[PDB]
Amino acid sequence: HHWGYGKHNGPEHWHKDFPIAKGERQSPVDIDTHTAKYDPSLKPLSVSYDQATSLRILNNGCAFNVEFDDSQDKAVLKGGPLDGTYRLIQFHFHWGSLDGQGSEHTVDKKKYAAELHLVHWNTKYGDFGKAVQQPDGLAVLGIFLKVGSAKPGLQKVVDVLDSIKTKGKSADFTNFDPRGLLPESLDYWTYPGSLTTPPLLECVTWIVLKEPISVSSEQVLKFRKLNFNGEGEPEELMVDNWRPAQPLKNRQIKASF
Ligand SMILES: [Zn+2]
């Protein structure tokens, strides 16, 4: 794909091919914690990952995706602002070149080192590609990463990155438990938005956890050794693969706490 994160094809350029980039419900956004309102109508969030079946990890030239078997309700998200059942299809991260940037969402304008997106699709639409055409097709669980203590549950991801350095490379990645990437609290903010990469479809209910997870400098450093390019091409470190905050326009962010 043409688009990217370079100064010639980055986020400021996307609108030329994807005019929805200047749409009414684009993501990410800044979460103003003093404007977000507690919503007692929200039901408890249910993260049901015990039967998760990971398959593979893929460098797709933009991030790396850990892919799951979504042929059955094996790892689902329910509750919270959601109606129905949303199946985990993949997770990926966005991260920076420096520890002071990398997240897509911001919290009172604070940028985190990275942001994990666990992507789920609404089973009432039958498959992911149909779901992304619907305003309630996806539910993305967003989790901030800050640099501190190592995250043990991330280390298996870190250790395979050497095997998917360049675009198009994949590796088997079975028996990975995504529960190890969750913080202790499931307190979140929620709002209607979009994919944060082209095609930027406005199909996401965003659920952004308040509590970050901590990862070590060594761990995030390993993310930064990935490459955007394909093998045998000049090296372009995979860093700063984040879209900045977009206008909130006619939306309200709700808090679960
Ligand atoms: Zn993402």
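Order of listing sets the numbers, starting from 1, for every ligand and every atom in it. Just so you know, residue 1 is the first one in the sequence shown, and it goes up from there.
For the residue pair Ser27 and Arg251, the shortest heavy atom distance occurs at OG-NH1, 4.4 Å.
Counting only distance, with no hydrogens or angles, the side chain of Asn227 and the backbone of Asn229 share no donor-acceptor pair below 3.5 Å.
Each protein N/O/S atom under 2.8 Å from the Zn ion (ligand 1) was counted, for a total of 3.
Salt bridge status for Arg56 with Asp172: absent, with no side-chain N to carboxylate O gap under 4.0 Å.
Under a 4.5 Å side-chain heavy-atom criterion applied to ILVMFWY residues, the cluster that includes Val132 comprises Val29, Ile31, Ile89, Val107, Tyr112, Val119, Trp121, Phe128, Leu138, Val140, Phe144, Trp189, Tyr191, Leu195, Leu201, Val204, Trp206, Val208, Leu248, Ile253, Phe257 as well.
Partners of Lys210 under the salt bridge (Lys or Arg N to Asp or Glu O under 4.0 Å) rule, at least two apart in sequence or in another chain, are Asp187. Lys109 pairs by the salt bridge (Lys or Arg N to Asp or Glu O under 4.0 Å) definition with nothing, not counting sequence neighbours.
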